[PDB]
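Asker: Structure file final.pdb (PDB, C-alpha atoms) right here:
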ATOM      1  CA  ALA A  35       0.000   0.000   0.000
ATOM      2  CA  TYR A  36       1.009   3.629  -0.551
ATOM      3  CA  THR A  37      -0.629   7.056  -0.234
ATOM      4  CA  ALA A  38      -1.043   8.722  -3.653
ATOM      5  CA  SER A  39      -0.949  12.529  -3.909
ATOM      6  CA  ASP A  40      -1.924  15.437  -6.167
ATOM      7  CA  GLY A  41       1.804  16.021  -6.574
ATOM      8  CA  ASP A  42       2.160  12.634  -8.250
ATOM      9  CA  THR A  43      -0.625  13.358 -10.740
ATOM     10  CA  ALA A  44       0.585  16.881 -11.487
ATOM     11  CA  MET A  45       4.133  15.662 -12.191
ATOM     12  CA  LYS A  46       3.082  12.728 -14.396
ATOM     13  CA  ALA A  47       0.844  15.045 -16.415
ATOM     14  CA  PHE A  48       3.611  17.654 -16.645
ATOM     15  CA  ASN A  49       5.974  15.016 -18.052
ATOM     16  CA  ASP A  50       3.292  13.649 -20.390
ATOM     17  CA  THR A  51       2.751  17.145 -21.814
ATOM     18  CA  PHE A  52       6.279  18.611 -21.876
ATOM     19  CA  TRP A  53       8.906  15.856 -21.608
ATOM     20  CA  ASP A  54      10.829  14.864 -24.725
ATOM     21  CA  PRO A  55      12.326  11.418 -24.014
ATOM     22  CA  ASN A  56      14.186  11.634 -27.349
ATOM     23  CA  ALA A  57      16.260  14.762 -26.705
ATOM     24  CA  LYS A  58      16.007  14.161 -22.947
ATOM     25  CA  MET A  59      14.890  17.724 -22.284
ATOM     26  CA  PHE A  60      11.634  19.595 -21.728
ATOM     27  CA  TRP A  61       9.621  21.190 -24.520
ATOM     28  CA  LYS A  62       9.097  24.928 -24.145
ATOM     29  CA  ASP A  63       5.332  24.522 -24.629
ATOM     30  CA  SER A  64       2.522  22.073 -25.489
ATOM     31  CA  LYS A  65       3.168  22.520 -29.233
ATOM     32  CA  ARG A  66       6.400  20.554 -28.761
ATOM     33  CA  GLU A  67       8.237  22.800 -31.213
ATOM     34  CA  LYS A  68      11.133  24.376 -29.317
ATOM     35  CA  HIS A  69      13.054  22.981 -26.351
ATOM     36  CA  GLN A  70      13.282  24.871 -23.040
ATOM     37  CA  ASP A  71      15.884  27.594 -22.461
ATOM     38  CA  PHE A  72      19.162  26.501 -20.848
ATOM     39  CA  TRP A  73      18.766  28.124 -17.423
ATOM     40  CA  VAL A  74      15.062  27.305 -17.042
ATOM     41  CA  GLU A  75      15.896  23.655 -17.744
ATOM     42  CA  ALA A  76      17.946  23.607 -14.537
ATOM     43  CA  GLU A  77      14.849  24.724 -12.642
ATOM     44  CA  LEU A  78      12.730  21.994 -14.219
ATOM     45  CA  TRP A  79      15.573  19.639 -13.285
ATOM     46  CA  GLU A  80      15.048  20.662  -9.653
ATOM     47  CA  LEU A  81      11.292  20.184 -10.082
ATOM     48  CA  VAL A  82      11.974  16.554 -10.994
ATOM     49  CA  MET A  83      14.179  16.175  -7.908
ATOM     50  CA  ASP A  84      11.520  17.713  -5.662
ATOM     51  CA  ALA A  85       8.840  15.394  -7.018
ATOM     52  CA  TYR A  86      11.330  12.561  -6.481
ATOM     53  CA  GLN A  87      11.718  13.471  -2.803
ATOM     54  CA  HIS A  88       7.987  14.074  -2.334
ATOM     55  CA  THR A  89       6.340  11.006  -3.889
ATOM     56  CA  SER A  90       5.370   7.906  -1.903
ATOM     57  CA  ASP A  91       4.705   6.108  -5.202
ATOM     58  CA  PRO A  92       7.656   3.681  -5.544
ATOM     59  CA  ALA A  93       7.115   3.342  -9.308
ATOM     60  CA  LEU A  94       6.942   7.070 -10.097
ATOM     61  CA  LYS A  95       9.951   7.599  -7.815
ATOM     62  CA  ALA A  96      12.110   5.156  -9.786
ATOM     63  CA  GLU A  97      10.848   6.855 -12.945
ATOM     64  CA  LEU A  98      11.867  10.265 -11.606
ATOM     65  CA  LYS A  99      15.303   9.144 -10.393
ATOM     66  CA  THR A 100      16.068   7.964 -13.937
ATOM     67  CA  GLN A 101      14.788  11.269 -15.339
ATOM     68  CA  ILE A 102      17.259  13.135 -13.102
ATOM     69  CA  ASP A 103      20.245  11.633 -14.937
ATOM     70  CA  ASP A 104      18.449  12.022 -18.268
ATOM     71  CA  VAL A 105      17.887  15.787 -17.888
ATOM     72  CA  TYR A 106      21.632  16.232 -17.355
ATOM     73  CA  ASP A 107      22.574  13.983 -20.297
ATOM     74  CA  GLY A 108      20.122  15.725 -22.629
ATOM     75  CA  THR A 109      21.435  19.185 -21.757
ATOM     76  CA  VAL A 110      25.046  17.991 -22.049
ATOM     77  CA  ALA A 111      24.284  16.483 -25.468
ATOM     78  CA  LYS A 112      23.180  19.934 -26.647
ATOM     79  CA  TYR A 113      25.369  22.327 -24.646
ATOM     80  CA  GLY A 114      28.401  20.234 -23.647
ATOM     81  CA  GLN A 115      29.829  19.467 -20.199
ATOM     82  CA  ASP A 116      31.501  22.859 -19.811
ATOM     83  CA  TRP A 117      29.030  25.736 -19.468
ATOM     84  CA  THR A 118      31.689  28.337 -18.628
ATOM     85  CA  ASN A 119      31.411  29.629 -22.195
ATOM     86  CA  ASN A 120      28.017  31.029 -21.209
ATOM     87  CA  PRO A 121      28.368  34.809 -20.696
ATOM     88  CA  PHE A 122      25.551  34.717 -18.127
ATOM     89  CA  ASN A 123      26.922  33.866 -14.685
ATOM     90  CA  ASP A 124      23.417  33.196 -13.380
ATOM     91  CA  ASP A 125      22.781  30.623 -16.139
ATOM     92  CA  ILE A 126      25.933  28.828 -14.983
ATOM     93  CA  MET A 127      25.062  29.033 -11.281
ATOM     94  CA  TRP A 128      21.542  27.582 -11.621
ATOM     95  CA  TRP A 129      23.124  24.484 -13.160
ATOM     96  CA  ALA A 130      25.880  24.357 -10.547
ATOM     97  CA  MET A 131      23.251  24.337  -7.796
ATOM     98  CA  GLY A 132      21.172  21.730  -9.622
ATOM     99  CA  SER A 133      24.223  19.509 -10.046
ATOM    100  CA  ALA A 134      24.983  19.775  -6.328
ATOM    101  CA  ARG A 135      21.461  18.536  -5.580
ATOM    102  CA  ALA A 136      21.809  15.717  -8.108
ATOM    103  CA  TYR A 137      24.930  14.619  -6.245
ATOM    104  CA  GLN A 138      23.067  14.565  -2.924
ATOM    105  CA  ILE A 139      20.443  12.303  -4.519
ATOM    106  CA  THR A 140      22.501   9.970  -6.720
ATOM    107  CA  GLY A 141      26.037  10.133  -5.333
ATOM    108  CA  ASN A 142      27.346  10.256  -8.902
ATOM    109  CA  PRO A 143      30.826  11.900  -8.897
ATOM    110  CA  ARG A 144      30.168  13.566 -12.273
ATOM    111  CA  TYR A 145      27.613  15.776 -10.518
ATOM    112  CA  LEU A 146      29.972  16.881  -7.746
ATOM    113  CA  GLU A 147      32.676  17.773 -10.270
ATOM    114  CA  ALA A 148      30.195  19.782 -12.340
ATOM    115  CA  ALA A 149      28.893  21.669  -9.303
ATOM    116  CA  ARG A 150      32.360  22.411  -7.924
ATOM    117  CA  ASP A 151      33.937  23.312 -11.277
ATOM    118  CA  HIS A 152      31.193  25.777 -12.193
ATOM    119  CA  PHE A 153      30.719  27.291  -8.731
ATOM    120  CA  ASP A 154      34.477  27.756  -8.363
ATOM    121  CA  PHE A 155      34.610  29.469 -11.761
ATOM    122  CA  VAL A 156      31.923  32.020 -10.907
ATOM    123  CA  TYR A 157      32.999  32.648  -7.312
ATOM    124  CA  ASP A 158      36.755  32.815  -7.943
ATOM    125  CA  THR A 159      36.625  34.953 -11.102
ATOM    126  CA  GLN A 160      33.346  36.907 -10.886
ATOM    127  CA  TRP A 161      33.360  38.021  -7.246
ATOM    128  CA  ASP A 162      34.583  41.625  -7.163
ATOM    129  CA  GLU A 163      35.394  44.063  -4.352
ATOM    130  CA  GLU A 164      36.111  47.058  -6.603
ATOM    131  CA  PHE A 165      32.445  47.907  -7.250
ATOM    132  CA  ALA A 166      29.849  48.012  -4.443
ATOM    133  CA  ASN A 167      32.427  46.561  -2.011
ATOM    134  CA  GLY A 168      31.651  42.971  -3.018
ATOM    135  CA  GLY A 169      29.189  40.949  -5.065
ATOM    136  CA  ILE A 170      29.238  38.738  -8.137
ATOM    137  CA  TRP A 171      28.858  40.205 -11.616
ATOM    138  CA  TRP A 172      25.772  39.233 -13.591
ATOM    139  CA  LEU A 173      27.857  38.630 -16.709
ATOM    140  CA  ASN A 174      31.360  37.280 -17.330
ATOM    141  CA  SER A 175      31.436  39.093 -20.674
ATOM    142  CA  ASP A 176      30.720  42.617 -19.418
ATOM    143  CA  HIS A 177      30.916  44.020 -15.891
ATOM    144  CA  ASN A 178      28.052  46.518 -15.627
ATOM    145  CA  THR A 179      25.721  45.156 -12.938
ATOM    146  CA  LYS A 180      25.618  42.837  -9.923
ATOM    147  CA  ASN A 181      22.298  41.031  -9.602
ATOM    148  CA  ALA A 182      20.155  39.233  -7.047
ATOM    149  CA  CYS A 183      19.545  36.485  -9.621
ATOM    150  CA  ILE A 184      23.208  35.472  -9.470
ATOM    151  CA  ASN A 185      24.265  36.401  -5.929
ATOM    152  CA  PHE A 186      21.630  34.614  -3.834
ATOM    153  CA  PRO A 187      21.569  31.456  -6.000
ATOM    154  CA  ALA A 188      25.363  31.456  -5.597
ATOM    155  CA  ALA A 189      24.918  31.548  -1.827
ATOM    156  CA  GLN A 190      22.498  28.611  -2.083
ATOM    157  CA  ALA A 191      24.957  26.681  -4.247
ATOM    158  CA  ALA A 192      27.733  27.309  -1.717
ATOM    159  CA  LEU A 193      25.464  25.990   1.042
ATOM    160  CA  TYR A 194      24.756  22.781  -0.882
ATOM    161  CA  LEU A 195      28.502  22.350  -1.384
ATOM    162  CA  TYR A 196      29.133  22.975   2.319
ATOM    163  CA  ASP A 197      26.565  20.292   3.137
ATOM    164  CA  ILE A 198      28.305  17.883   0.751
ATOM    165  CA  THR A 199      31.992  18.590   1.399
ATOM    166  CA  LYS A 200      31.860  19.916   4.980
ATOM    167  CA  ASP A 201      34.564  22.325   3.749
ATOM    168  CA  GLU A 202      34.321  25.599   5.676
ATOM    169  CA  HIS A 203      35.491  27.404   2.524
ATOM    170  CA  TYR A 204      31.993  27.022   1.081
ATOM    171  CA  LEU A 205      30.266  28.279   4.223
ATOM    172  CA  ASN A 206      32.675  31.224   4.162
ATOM    173  CA  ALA A 207      31.660  31.878   0.555
ATOM    174  CA  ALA A 208      27.952  31.518   1.338
ATOM    175  CA  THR A 209      28.194  33.863   4.326
ATOM    176  CA  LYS A 210      30.231  36.472   2.439
ATOM    177  CA  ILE A 211      27.848  36.535  -0.524
ATOM    178  CA  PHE A 212      24.675  36.672   1.594
ATOM    179  CA  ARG A 213      25.878  39.397   3.966
ATOM    180  CA  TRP A 214      26.819  41.529   0.975
ATOM    181  CA  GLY A 215      23.508  40.698  -0.663
ATOM    182  CA  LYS A 216      21.464  41.660   2.378
ATOM    183  CA  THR A 217      23.341  44.949   2.761
ATOM    184  CA  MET A 218      23.530  46.022  -0.884
ATOM    185  CA  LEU A 219      20.546  44.244  -2.465
ATOM    186  CA  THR A 220      17.809  44.548   0.180
ATOM    187  CA  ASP A 221      16.111  47.365   2.105
ATOM    188  CA  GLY A 222      16.745  45.479   5.337
ATOM    189  CA  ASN A 223      13.030  44.878   5.836
ATOM    190  CA  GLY A 224      12.469  41.922   3.510
ATOM    191  CA  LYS A 225      12.459  43.518   0.063
ATOM    192  CA  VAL A 226      15.047  42.146  -2.366
ATOM    193  CA  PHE A 227      16.340  44.541  -5.036
ATOM    194  CA  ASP A 228      16.798  43.197  -8.564
ATOM    195  CA  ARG A 229      20.319  44.537  -9.051
ATOM    196  CA  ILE A 230      22.882  47.273  -8.490
ATOM    197  CA  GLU A 231      24.319  49.035 -11.544
ATOM    198  CA  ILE A 232      27.609  50.934 -11.917
ATOM    199  CA  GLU A 233      25.848  53.899 -13.512
ATOM    200  CA  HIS A 234      22.437  54.163 -11.822
ATOM    201  CA  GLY A 235      23.027  52.342  -8.540
ATOM    202  CA  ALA A 236      20.436  50.056  -6.964
ATOM    203  CA  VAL A 237      17.307  49.048  -8.898
ATOM    204  CA  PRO A 238      14.629  48.269  -6.258
ATOM    205  CA  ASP A 239      12.325  46.102  -8.390
ATOM    206  CA  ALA A 240      11.173  43.045  -6.440
ATOM    207  CA  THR A 241      10.342  39.747  -8.143
ATOM    208  CA  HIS A 242       9.145  36.311  -7.008
ATOM    209  CA  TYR A 243      12.323  34.369  -7.810
ATOM    210  CA  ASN A 244      14.643  36.835  -6.076
ATOM    211  CA  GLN A 245      12.508  36.832  -2.933
ATOM    212  CA  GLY A 246      12.616  33.050  -3.227
ATOM    213  CA  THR A 247      16.375  32.632  -3.571
ATOM    214  CA  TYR A 248      17.025  35.138  -0.774
ATOM    215  CA  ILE A 249      14.711  33.173   1.510
ATOM    216  CA  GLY A 250      16.365  29.888   0.533
ATOM    217  CA  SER A 251      19.906  31.087   1.207
ATOM    218  CA  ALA A 252      18.819  32.695   4.479
ATOM    219  CA  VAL A 253      17.205  29.441   5.638
ATOM    220  CA  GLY A 254      20.229  27.434   4.515
ATOM    221  CA  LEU A 255      22.495  29.825   6.409
ATOM    222  CA  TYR A 256      20.343  29.427   9.502
ATOM    223  CA  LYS A 257      20.591  25.646   9.307
ATOM    224  CA  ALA A 258      24.356  25.867   8.740
ATOM    225  CA  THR A 259      25.257  28.392  11.458
ATOM    226  CA  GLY A 260      22.447  28.161  14.000
ATOM    227  CA  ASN A 261      22.067  31.945  13.868
ATOM    228  CA  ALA A 262      18.398  32.862  14.322
ATOM    229  CA  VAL A 263      19.019  36.250  12.669
ATOM    230  CA  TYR A 264      19.147  34.469   9.299
ATOM    231  CA  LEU A 265      15.775  32.809   9.942
ATOM    232  CA  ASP A 266      14.443  36.233  10.919
ATOM    233  CA  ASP A 267      15.692  37.588   7.585
ATOM    234  CA  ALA A 268      13.880  34.794   5.739
ATOM    235  CA  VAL A 269      10.599  35.407   7.589
ATOM    236  CA  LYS A 270      10.704  39.138   6.779
ATOM    237  CA  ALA A 271      11.274  38.463   3.071
ATOM    238  CA  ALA A 272       8.372  35.993   3.146
ATOM    239  CA  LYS A 273       6.163  38.603   4.796
ATOM    240  CA  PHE A 274       7.191  41.125   2.139
ATOM    241  CA  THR A 275       6.319  38.662  -0.620
ATOM    242  CA  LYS A 276       2.946  37.976   0.989
ATOM    243  CA  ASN A 277       2.204  41.702   1.411
ATOM    244  CA  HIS A 278       3.420  43.068  -1.927
ATOM    245  CA  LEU A 279       3.821  40.475  -4.689
ATOM    246  CA  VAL A 280       0.147  39.457  -4.660
ATOM    247  CA  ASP A 281      -3.191  40.738  -5.955
ATOM    248  CA  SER A 282      -5.840  42.244  -3.656
ATOM    249  CA  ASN A 283      -7.049  38.749  -2.694
ATOM    250  CA  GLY A 284      -3.588  37.552  -1.681
ATOM    251  CA  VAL A 285      -2.928  35.483  -4.796
ATOM    252  CA  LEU A 286       0.687  35.555  -6.006
ATOM    253  CA  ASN A 287       1.174  37.744  -9.077
ATOM    254  CA  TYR A 288       1.470  36.510 -12.632
ATOM    255  CA  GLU A 289       4.782  37.959 -13.793
ATOM    256  CA  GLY A 290       4.369  37.560 -17.540
ATOM    257  CA  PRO A 291       4.751  38.346 -20.303
ATOM    258  CA  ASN A 292       8.490  38.320 -19.461
ATOM    259  CA  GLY A 293       9.700  34.842 -20.421
ATOM    260  CA  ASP A 294      12.109  34.570 -17.503
ATOM    261  CA  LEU A 295       9.667  35.999 -14.931
ATOM    262  CA  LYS A 296       6.646  33.965 -16.137
ATOM    263  CA  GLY A 297       7.620  30.894 -14.119
ATOM    264  CA  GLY A 298       9.153  32.738 -11.174
ATOM    265  CA  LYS A 299       6.655  31.189  -8.755
ATOM    266  CA  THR A 300       8.366  27.826  -9.306
ATOM    267  CA  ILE A 301      11.527  29.013  -7.570
ATOM    268  CA  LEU A 302       9.516  30.975  -4.994
ATOM    269  CA  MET A 303       7.367  28.004  -3.921
ATOM    270  CA  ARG A 304      10.420  25.723  -3.761
ATOM    271  CA  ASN A 305      12.157  28.015  -1.274
ATOM    272  CA  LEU A 306       8.973  28.918   0.619
ATOM    273  CA  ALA A 307       8.663  25.183   1.277
ATOM    274  CA  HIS A 308      12.114  25.203   2.905
ATOM    275  CA  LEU A 309      11.012  27.976   5.265
ATOM    276  CA  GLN A 310       7.736  26.182   5.959
ATOM    277  CA  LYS A 311       9.634  23.019   6.891
ATOM    278  CA  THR A 312      12.177  24.854   9.072
ATOM    279  CA  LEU A 313       9.437  26.643  11.025
ATOM    280  CA  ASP A 314       7.662  23.298  11.459
ATOM    281  CA  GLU A 315      10.765  21.584  12.865
ATOM    282  CA  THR A 316      11.794  24.419  15.192
ATOM    283  CA  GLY A 317       8.405  25.715  16.335
ATOM    284  CA  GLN A 318       9.744  29.221  15.778
ATOM    285  CA  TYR A 319       7.407  32.016  14.638
ATOM    286  CA  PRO A 320       4.277  29.998  15.502
ATOM    287  CA  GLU A 321       1.775  32.745  14.672
ATOM    288  CA  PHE A 322       3.332  33.639  11.308
ATOM    289  CA  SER A 323       3.707  29.934  10.497
ATOM    290  CA  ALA A 324      -0.050  29.425  10.850
ATOM    291  CA  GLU A 325      -1.056  32.287   8.540
ATOM    292  CA  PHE A 326       1.871  31.433   6.232
ATOM    293  CA  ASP A 327       0.618  27.841   5.901
ATOM    294  CA  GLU A 328      -2.917  29.100   5.292
ATOM    295  CA  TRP A 329      -1.852  31.618   2.643
ATOM    296  CA  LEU A 330       0.142  28.931   0.830
ATOM    297  CA  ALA A 331      -2.741  26.448   0.844
ATOM    298  CA  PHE A 332      -4.966  29.225  -0.518
ATOM    299  CA  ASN A 333      -2.597  29.956  -3.409
ATOM    300  CA  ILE A 334      -2.144  26.289  -4.310
ATOM    301  CA  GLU A 335      -5.924  25.868  -4.327
ATOM    302  CA  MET A 336      -6.338  28.948  -6.536
ATOM    303  CA  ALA A 337      -3.676  27.675  -8.919
ATOM    304  CA  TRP A 338      -5.700  24.501  -9.495
ATOM    305  CA  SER A 339      -9.122  26.143  -9.727
ATOM    306  CA  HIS A 340      -8.052  26.604 -13.356
ATOM    307  CA  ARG A 341     -10.503  25.106 -15.851
ATOM    308  CA  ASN A 342      -8.937  22.469 -18.113
ATOM    309  CA  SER A 343      -9.585  18.895 -19.291
ATOM    310  CA  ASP A 344      -6.012  17.896 -18.449
ATOM    311  CA  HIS A 345      -4.128  18.053 -15.156
ATOM    312  CA  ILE A 346      -2.201  21.051 -16.497
ATOM    313  CA  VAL A 347      -2.808  24.660 -15.434
ATOM    314  CA  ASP A 348      -1.233  27.996 -16.419
ATOM    315  CA  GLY A 349       0.775  30.567 -14.468
ATOM    316  CA  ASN A 350      -2.151  32.903 -13.786
ATOM    317  CA  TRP A 351      -3.303  31.524 -10.426
ATOM    318  CA  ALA A 352      -6.037  34.155 -10.145
ATOM    319  CA  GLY A 353      -7.622  33.332 -13.498
ATOM    320  CA  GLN A 354      -9.678  30.298 -14.488
ATOM    321  CA  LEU A 355      -9.160  30.465 -18.250
ATOM    322  CA  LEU A 356      -6.007  30.045 -20.313
ATOM    323  CA  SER A 357      -4.936  33.085 -22.293
ATOM    324  CA  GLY A 358      -2.526  31.709 -24.883
ATOM    325  CA  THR A 359      -0.713  28.368 -24.751
ATOM    326  CA  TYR A 360       0.321  26.081 -21.880
ATOM    327  CA  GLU A 361       4.068  26.494 -21.414
ATOM    328  CA  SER A 362       6.374  24.358 -19.270
ATOM    329  CA  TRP A 363       7.932  27.214 -17.263
ATOM    330  CA  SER A 364       4.597  28.825 -16.338
ATOM    331  CA  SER A 365       2.819  25.512 -15.690
ATOM    332  CA  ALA A 366       5.684  24.282 -13.494
ATOM    333  CA  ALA A 367       4.828  26.463 -10.484
ATOM    334  CA  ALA A 368       1.565  24.637  -9.807
ATOM    335  CA  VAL A 369       3.388  21.311  -9.986
ATOM    336  CA  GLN A 370       6.144  22.584  -7.686
ATOM    337  CA  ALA A 371       3.482  23.767  -5.234
ATOM    338  CA  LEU A 372       2.202  20.203  -4.804
ATOM    339  CA  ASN A 373       5.671  18.703  -4.359
ATOM    340  CA  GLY A 374       7.028  20.627  -1.388
TER     341      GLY A 374
END
Can you dump the structure from the file as structure tokens?
Answerer:
Amino acid sequence: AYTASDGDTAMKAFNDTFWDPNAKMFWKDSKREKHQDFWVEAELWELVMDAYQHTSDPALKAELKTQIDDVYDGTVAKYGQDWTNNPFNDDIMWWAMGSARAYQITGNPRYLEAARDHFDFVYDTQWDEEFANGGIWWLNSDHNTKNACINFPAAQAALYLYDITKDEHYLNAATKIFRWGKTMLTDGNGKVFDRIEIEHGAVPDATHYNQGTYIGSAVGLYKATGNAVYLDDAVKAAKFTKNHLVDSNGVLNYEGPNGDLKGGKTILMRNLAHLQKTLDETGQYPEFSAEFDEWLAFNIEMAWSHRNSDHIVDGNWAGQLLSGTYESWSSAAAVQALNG
């Protein structure tokens, strides 16, 4: 006997609609014309891992574990083993973090090498003290801006590597990056800035995935150090997200039509789950935890109130009808929500 879940069904349907077993990568949409962008594919890779960890279905779990290796192979077959030719440091870091997680799951040495090689590249060559007294450049081709979308995922990646290697070097890296990030890329009250530019300075535009990655690194830092200040930081960013990045009913925003932002809730939900779990285990912030849990359940329920004949929904959690085409990045958030 086993207890089946909505997460199982959502994942199986997601794979049935978007997975290309030939190229071993996800389609960009239901038309099965183009394959998913490089960096987004790393996030779908983590979706597969999260469904793997979540499912109690032994058969689906074995299916997912195989898919984990396949996603890597498919991407490598198209883009090669070395992604350091990518001018986007964030693109590289998402895959470094994903590889670190794949190592935790499979134990395959190829994953540890990939995570270490690519993290070390970004951290050792793209961390700079000359501008903004720290921080990693967004690009390795041109040094104009330092972004939340590279810095906090880099902190997360360092934390995964610290968990794996137990090498204090990685905790030192994680701590250094986060402290700089909190000082230069937040308002200190939970709002994460998008970036800081050489010309204009800070750009205080908040997005779902940057709130998410900040929360994740903060939680990871809390678990690594035992410092409750980091958990406090995570809670404040979660409260900001809940207060600002939602409609007037409390439903998380749809961040389209921007292709990268469209599926931002995937990364947000993944990291919100980490916070949810940490609060559960520690019993800290009991009153926030209760309303946090309630707000999450509400959003997940709204996401699936979508009207469709398949077990696929879009990225507009406040709307019942599809406007356009079902796409893998935007549909992924609802799947991620059920596999926390």
Asker: Just to confirm, what's the straight-line distance from CA of residue 346 in chain A to CA of residue 294 in chain A in Å (one decimal)?
Answerer: 19.7 Å
Asker: To one decimal in Å, tell me the separation between CA of residue 38 in chain A and CA of residue 249 in chain A.
Answerer: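 Taking CA of residue 38 in chain A and CA of residue 249 in chain A, their separation equals 29.5 Å.
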Asker: Give me the residues within 10 Å of residue 177 in chain A as an mmCIF file with C-alpha atoms, in the coordinates of the input, counting all atoms listed in the file and dropping any in the same chain fewer than 6 places off.
Answerer:
data_model
loop_
_atom_site.group_PDB
_atom_site.id
_atom_site.type_symbol
_atom_site.label_atom_id
_atom_site.label_comp_id
_atom_site.auth_asym_id
_atom_site.auth_seq_id
_atom_site.Cartn_x
_atom_site.Cartn_y
_atom_site.Cartn_z
ATOM 1 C CA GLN A 160 33.346 36.907 -10.886
ATOM 2 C CA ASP A 162 34.583 41.625 -7.163
ATOM 3 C CA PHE A 165 32.445 47.907 -7.250
ATOM 4 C CA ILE A 170 29.238 38.738 -8.137
ATOM 5 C CA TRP A 171 28.858 40.205 -11.616
ATOM 6 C CA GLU A 231 24.319 49.035 -11.544
ATOM 7 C CA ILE A 232 27.609 50.934 -11.917
#
Asker: Kindly compute an axis-aligned box around the listed atoms of range 210-226 of chain A, allowing 6 Å on each side, and express its centre and edge lengths in Å to one decimal as AutoDock Vina command-line options.
Answerer:
--center_x 21.3 --center_y 41.9 --center_z 1.7 --size_x 29.8 --size_y 22.9 --size_z 20.3
Asker: Can you pull out the residues contacting range 50-59 of chain A? Cut-off 12 Å, using all atoms listed in the file, and skip same-chain residues under 6 positions away; I want them as JSON, numbers by chain.
Answerer: {"A": [43, 44, 65, 66, 67, 68, 69, 70, 71, 72, 74, 75, 76, 77, 78, 79, 82, 98, 100, 101, 102, 103, 104, 105, 106, 107, 108, 109, 110, 111, 112, 113, 344, 345, 346, 347, 360, 361, 362, 363, 364, 365, 366]}
Asker: Write out as a ChimeraX atom specification which residues come within 7 Å of range 306-311 of chain A when counting only C-alpha atoms, dropping same-chain ones fewer than 4 positions away.
Answerer: /A:246,250,253,302,315,374
Asker: With a distance cut-off of 12 Å and all atoms listed in the file, select the neighbouring residues of residue 257 in chain A, excluding the residue or stretch itself and same-chain residues fewer than 2 positions from it, and output the selection as a PDB file with C-alpha atoms, in the frame of the given file.
Answerer:
ATOM      1  CA  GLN A 190      22.498  28.611  -2.083  1.00  0.00           C
ATOM      2  CA  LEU A 193      25.464  25.990   1.042  1.00  0.00           C
ATOM      3  CA  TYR A 194      24.756  22.781  -0.882  1.00  0.00           C
ATOM      4  CA  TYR A 196      29.133  22.975   2.319  1.00  0.00           C
ATOM      5  CA  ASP A 197      26.565  20.292   3.137  1.00  0.00           C
ATOM      6  CA  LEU A 205      30.266  28.279   4.223  1.00  0.00           C
ATOM      7  CA  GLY A 250      16.365  29.888   0.533  1.00  0.00           C
ATOM      8  CA  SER A 251      19.906  31.087   1.207  1.00  0.00           C
ATOM      9  CA  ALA A 252      18.819  32.695   4.479  1.00  0.00           C
ATOM     10  CA  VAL A 253      17.205  29.441   5.638  1.00  0.00           C
ATOM     11  CA  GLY A 254      20.229  27.434   4.515  1.00  0.00           C
ATOM     12  CA  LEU A 255      22.495  29.825   6.409  1.00  0.00           C
ATOM     13  CA  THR A 259      25.257  28.392  11.458  1.00  0.00           C
ATOM     14  CA  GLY A 260      22.447  28.161  14.000  1.00  0.00           C
ATOM     15  CA  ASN A 261      22.067  31.945  13.868  1.00  0.00           C
ATOM     16  CA  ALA A 262      18.398  32.862  14.322  1.00  0.00           C
ATOM     17  CA  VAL A 263      19.019  36.250  12.669  1.00  0.00           C
ATOM     18  CA  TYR A 264      19.147  34.469   9.299  1.00  0.00           C
ATOM     19  CA  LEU A 265      15.775  32.809   9.942  1.00  0.00           C
ATOM     20  CA  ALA A 268      13.880  34.794   5.739  1.00  0.00           C
ATOM     21  CA  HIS A 308      12.114  25.203   2.905  1.00  0.00           C
ATOM     22  CA  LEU A 309      11.012  27.976   5.265  1.00  0.00           C
ATOM     23  CA  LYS A 311       9.634  23.019   6.891  1.00  0.00           C
ATOM     24  CA  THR A 312      12.177  24.854   9.072  1.00  0.00           C
ATOM     25  CA  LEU A 313       9.437  26.643  11.025  1.00  0.00           C
ATOM     26  CA  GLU A 315      10.765  21.584  12.865  1.00  0.00           C
ATOM     27  CA  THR A 316      11.794  24.419  15.192  1.00  0.00           C
TER      28      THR A 316
END
Asker: Please indicate the distance in Å from CA of residue 368 in chain A to CA of residue 84 in chain A, rounded to one decimal place.
Answerer: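 We find that CA of residue 368 in chain A and CA of residue 84 in chain A lie 12.8 Å from each other.
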Asker: Take the PyMOL selection byres ((chain A and resi 206) around 12), run it mentally on this structure, and tell me the resulting residues as a PyMOL selection string.
Answerer: chain A and resi 157+189+192-193+195-196+200-205+207-213+255+258-259
Asker: Which residue is closest to residue 299 in chain A? Choose from A:242, A:340, A:135, A:270 and count all atoms listed in the file.
Answerer: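 Selected residue with least distance to residue 299 in chain A: A:242.
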Asker: Counting only C-alpha atoms, what is within 8 Å of residue 148 in chain A, bar same-chain residues fewer than 2 positions away, as a VMD selection string?
Answerer: chain A and resid 115 130 133 to 134 144 to 146 150 to 152
Asker: Can you work out which one of A:158, A:91, A:266, A:314 has the shortest atom-to-atom distance to residue 39 in chain A, counting all atoms listed in the file?
Answerer: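 Residue with the minimum atom-to-atom distance to residue 39 in chain A: A:91.
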Asker: Nearest to residue 123 in chain A among A:141, A:284, A:187, A:168, with distances taken over all atoms listed in the file: which residue is it?
Answerer: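 Of A:141, A:284, A:187, A:168, the one nearest residue 123 in chain A is A:187, counting all atoms listed in the file.
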Asker: Assuming the chain letters and numbering stay as they are in my file, what does the PyMOL selection byres ((chain A and resi 355) around 12) actually select? List them as a list in words.
Answerer: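 The output of the PyMOL selection byres ((chain A and resi 355) around 12) on this file is residues 337, 338, 339, 340, 341, 342, 343, 346, 347, 348, 349, 350, 351, 352, 353, 354, 356, 357, 358, 359 and 360 of chain A.
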Asker: Taking only C-alpha atoms into account, which of A:332, A:137, A:215, A:323 comes nearest residue 169 in chain A?
Answerer: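 Looking at the shortest contact to residue 169 in chain A, the residue is A:215.
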